[PDB]
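Novice: Below is the structure, and that's it, no one-letter string:
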């Protein structure tokens, strides 16, 4: 529980910064691609676009790994949760 | 070579000698679905029968590739209907999509 949410919270925050910068790189890179106004800023934005894509991909992979672990915990909570039902059934 | 050039070179290496594929750009070269399907076939030939594909079946070729890629973890950035009525495919979407396919197979 403890390790997971700490890490998910941090990643989810970093994902918010990525998506925020990327919306702006996109707006801009699209404007340059459509107008042809500056093939050099264009290429530099493309690079940045792709760096941002790389970051997001690495976060998504880290998130999914953590989510697996969180599912395995949850299942274990449910295992222990069933043990409680057995106990309470014996408290007569 | 810059990021576009290197991506384009990768696309041509991977699809080399696939019948009906001719890559010269990130727009009209992708419309008919073959190029995408050839990329899929090259990595995962168990997921698609390339020899039976029909070059004129724009919707179906694109669908097979998008479904093949989605089935191994690559998010859909294109729908088959984005190719309909002779639309030129959006350059930045096609590039990002190919970028994600290459990144998937490079262990990202």
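Specialist: Arrived safely, thanks for sending. Residues are numbered from 1 along each chain as shown, chains lettered A, B, ... in the order given.
Novice: In stretch A:21-33, which residues are buried?
Specialist: Using 16 or more other C-beta atoms under 10 Å in any protein chain shown as the test for burial, stretch A:21-33 gives A:22, A:25, A:29, A:32-33. In this view, the C-beta of every residue, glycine as well, is placed from N, C-alpha and C.
Novice: Export those residues as TSV, with columns for secondary structure and distance to chain B.
Specialist: TSV is the format used below for those (DSSP: H, G, I helix; E, B strand; the rest coil; distance: C-beta to the nearest C-beta, whole Å):
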residue	secondary structure	distance to chain B
A:22	helix	11
A:25	helix	11
A:29	helix	7
A:32	helix	10
A:33	helix	6
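Novice: Pick the one among those residues closest to residue B:77.
Specialist: residue A:22 (13.6 Å; C-beta to C-beta).
Novice: Tell me which residues touch that closest one, please.
Specialist: Each residue near residue A:22 by C-beta atoms under 8 Å, 6 or more residues apart in numbering or on different chains is listed here: A:49, A:52-53, A:56.
Novice: any idea which of those residues is closest to chain B?
Specialist: Within the contacts of residue A:22, proximity to chain B (C-beta to the nearest C-beta) peaks at residue A:53, which comes in at 6.3 Å.
Novice: I'd guessed the closest one sits against residue B:98; true?
Specialist: No. Judged on C-beta atoms under 8 Å, residue A:53 makes no contact with residue B:98 at a distance of 11.5 Å.
Novice: So which of the two has more stuff around it?
Specialist: When neighbours are counted by other C-beta atoms under 10 Å in any protein chain shown, residue B:98 comes out ahead of the other of residue A:53 and residue B:98, with 21 against 18.
Novice: where does the more buried one sit relative to chain A, distance-wise?
Specialist: Using C-beta to the nearest C-beta, to the nearest Å, residue B:98 is found at 11 Å from chain A.
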